[PDB]
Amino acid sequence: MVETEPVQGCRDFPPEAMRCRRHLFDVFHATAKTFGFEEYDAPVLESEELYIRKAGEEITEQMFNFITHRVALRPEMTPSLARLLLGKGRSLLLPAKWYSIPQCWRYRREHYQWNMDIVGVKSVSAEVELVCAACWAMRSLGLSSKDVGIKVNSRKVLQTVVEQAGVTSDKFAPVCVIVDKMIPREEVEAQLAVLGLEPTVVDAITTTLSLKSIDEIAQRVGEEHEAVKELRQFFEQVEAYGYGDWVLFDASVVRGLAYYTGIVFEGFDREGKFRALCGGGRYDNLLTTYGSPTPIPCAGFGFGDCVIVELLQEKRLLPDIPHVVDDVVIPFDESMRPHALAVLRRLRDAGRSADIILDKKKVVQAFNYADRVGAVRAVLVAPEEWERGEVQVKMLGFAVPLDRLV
């Protein structure tokens, strides 16, 4: 016997499991369409060059890479997106809103991640729309603002604090990667020291993450500080769109990725049971680091397929969806198969989903099968009715003319 289990850390999706994944992906697609995003894709195999950011990101540390040329199964999509945008150059109409549902990889070693990104929008209206899109998808899955929310912050506050301590800007990214981890405080404090931060700088960093309102941020760095102005705009806009109950400020949110420059956010369950449901932020330098002659504003998020499903299971929002089909055509016997095929054809021409019983079996077993596959309707093709130009129809029984079947 071969190994029936999949490769370590990877999932199978037989029809039952696939119906669940499809229910999720439908929402992702429908939400992207509702928001005017365009689908894109790129290869799961990318060059390893793409992912060498040197900030000690967990995402790059756990990279599923190998030698053919140094390549890797993508751990995230954003770098692939950047490559595509960079390739298009001035030919790309901006603003652009691009989305995808890539499988992404790590050495669970795989997950699907809905990505949504807005390109060419300087203003926080980008982050507003992205955050509303994430909420929209969660609400579409049956979740409420009682079940989940999105925590929101700007990295610019911490930037100012780090810069005011005389820290080289090249340490800012690593700092964020470290502060994201806050493991015990003592552990995070120790890691900052290794980067080269004296205890006074660490204290200032700590204090600002524990500030509980935007007003308190304003008191520390000023009301005219970009972060304050931008965050206020952000909440004003989400309030106006009608999702004010879904969003809130949290000064501890920074995310683990090196490239976020401004607003950052993450979805969470209100019971404190699960890891982050989605995460993202503004990354206005990324394309400059890739060699764009002109800076290109960007913001986006990723929304994994594993945590959301667990949450939905806990909330009883993932009932088993049984397979369905409109009609099952049953030949009374093999002499009726050619006539049943003509009927089957007509049913499918009218846009119905139809089976015909393929192997040899008795009518009552054909009916059982029809129930098993969730047929709405059983269409028996018997010699008696056929001579009258009819078939027997049974809902899940009466004679019907062929033209009247559809």
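Residue numbers here begin at 1 and follow the sequence given.
S.K.: Using none, 1 to 3, 4 to 9 or 10 or more, say how many deposited residues go missing between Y107 and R108.
M.R.: Gap size class: 4 to 9 residues without coordinates, per the record.
S.K.: In this entry, is the chain continuous from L396 to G397, or are deposited residues missing in between (none, 1 to 3, 4 to 9, 10 or more)?
M.R.: Per the record, 10 or more deposited residues are absent between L396 and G397.
S.K.: Look over 207-215 and 151-159 in the entry and identify the one with the greater average Cα temperature factor.
M.R.: Mean C-alpha B-factor is greater for 207-215.
S.K.: Of 337-345 and 32-40, which one has the bigger average CA B-factor?
M.R.: Comparing 32-40 with 337-345, the higher average CA B-factor belongs to 337-345.
S.K.: In terms of recorded Cα temperature factor, pick the maximum from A370, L358, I59, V27.
M.R.: Most elevated C-alpha B-factor of the set, per the entry: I59.
S.K.: From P331, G300, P295, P174, can you pick the one with the highest C-alpha B factor in the entry?
M.R.: Result of the comparison over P331, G300, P295, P174: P174.
S.K.: Would you please rank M182 by its C-alpha temperature factor against the other modelled residues of its chain and give the third it falls in: lowest, middle or highest?
M.R.: Highest third of the chain for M182's C-alpha B-factor.
S.K.: Would you check the entry's CA temperature factor for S145 and let me know if it's in the chain's lowest, middle or highest third?
M.R.: Middle third of the chain for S145's C-alpha B-factor.
S.K.: Tell me, lowest, middle or highest third: where does the Cα B factor of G291 rank within its chain?
M.R.: For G291, the deposited C-alpha B-factor lands in the middle third.
S.K.: Divide the modelled residues of the chain into thirds by Cα B-factor and specify which third, lowest, middle or highest, holds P14.
M.R.: Bottom third by C-alpha B-factor.
S.K.: Report the third (lowest, middle or highest) to which the CA temperature factor of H323 belongs, ranking only the modelled residues of the same chain.
M.R.: Answer is middle: the recorded C-alpha B-factor places it there.
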